[PDB]
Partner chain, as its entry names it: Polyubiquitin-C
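Presented as structure tokens, the chain that follows is alone, the form solved without its partner chain.
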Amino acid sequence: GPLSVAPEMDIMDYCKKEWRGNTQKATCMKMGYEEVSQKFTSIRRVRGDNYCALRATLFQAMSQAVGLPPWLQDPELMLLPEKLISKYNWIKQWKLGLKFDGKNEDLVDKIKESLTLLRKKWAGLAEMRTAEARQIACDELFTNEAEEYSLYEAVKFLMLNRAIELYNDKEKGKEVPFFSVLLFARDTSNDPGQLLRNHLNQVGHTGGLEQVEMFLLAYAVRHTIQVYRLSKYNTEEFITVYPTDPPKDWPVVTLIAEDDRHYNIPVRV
């Protein structure tokens, strides 16, 4: 299919096209792009569907991949679908986001296939000897075909796993990050099953990640997500980093968000 992350263009040309006229919002948005443009020259427009936040984050993480992170090296990752679904039968209420090949007879098989794909593609990008080869390959992967959407199934599953872990830690009285307190405080998300039924199952289908779920995404893929929040320009939230205090060895991916549903990718040479 066509690219789901558009070819790059100059960021101020993008701004000039998008934000015309004299409203206060238009002026704020221009100031916001001017801020971004101090560090990045170009922008790639990420498809604005209900996967937008996942697409933006994953595209940029994968396009920057020069290694395979430990969490993807871990043999346990491939074992997780069986362990979790066997333990927590309610995970079978999972809403699939593509049609899987018929070799895949159950949910465990489907999720395992998606995690295997994520691992294989990431490993292959990390092995590439030129940055150019890696962007060619990454581009090809985000072409609106089943492979692309299977990556999001993997990432959503990792988000669910991390949320289960954080919930169970809180239940054992262990220290957890505060974002997880806020995640579970939502009246539609009081436990992991509610998170799945009312939030994760909607992601890619009827809505995108909420603010609090960007923390969960960052934790799930162990990337620090640095977001220029252009709707927050004249406040301290003009950038928000998810999470605030990550391990120093998590890679950083930078995004731009005019609002919470739409993330684009700033780029530079």
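Numbering follows the first chain given and starts at 1. If you superpose the two forms and keep the largest set of C-alpha atoms that fall within 1.5 Å, you have the rigid core.
This next part talks about the form deposited with its partner chain bound, which is not shown.
Q: Residues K25, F215 and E237 are flagged as a possible site; in the entry with it bound, is every one of them within 4.5 Å of its partner chain by some non-hydrogen atom?
A: Judged in the entry with it bound, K25, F215 and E237 all sit within 4.5 Å of its partner chain.
Q: Residue-level contact is defined here as any heavy atom of the residue lying within 4.5 Å of its partner chain in the entry with it bound; does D249 satisfy this criterion?
A: No, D249 stays farther than 4.5 Å from its partner chain in the entry with it bound.
Q: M78 near its partner chain in the entry with it bound, any heavy atom under 4.5 Å?
A: Judged by the heavy-atom cut-off of 4.5 Å, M78 is well away from its partner chain in the entry with it bound.
Q: So in the entry with it bound, is its partner chain close enough to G32 to count as touching (4.5 Å, heavy atoms)?
A: It does not: once its partner chain is placed as it appears in the entry with it bound, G32 has no heavy atom within 4.5 Å of it.
Q: Might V46 be said to contact its partner chain in the entry with it bound, defining contact as any heavy atom within 4.5 Å?
A: Within the cut-off, so yes.
Q: Identify, from the list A53, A220, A61, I225, the residue with a heavy atom within 4.5 Å of its partner chain in the entry with it bound.
A: Looking at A53, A220, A61, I225 one by one, just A53 meets the 4.5 Å heavy-atom criterion.
Q: Using a 4.5 Å heavy atom cut-off, which residue among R197, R186, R119, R162 comes into contact with its partner chain in the entry with it bound?
A: Only one option qualifies, and that one is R186.
Q: Since the chain is shown here on its own, which stretch among 119-127, 153-161, 177-185, 78-86 would lie within 4.5 Å of its partner chain in the entry with it bound, judged by heavy atoms?
A: In short, 177-185.
Q: Hey, which residues along 198-218 are within 4.5 angstroms of its partner chain in the entry with it bound, non-hydrogen atoms only?
A: The stretch touches the partner through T206, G207, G208, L209, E210, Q211, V212, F215.
Q: Aligning on the core only, does the CA of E18 end up 2 angstroms or more away between the shown form and the other one?
A: Comparing the forms between the shown form and the other one, which are aligned on their rigid core, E18 does not shift its C-alpha by 2 Å or more.
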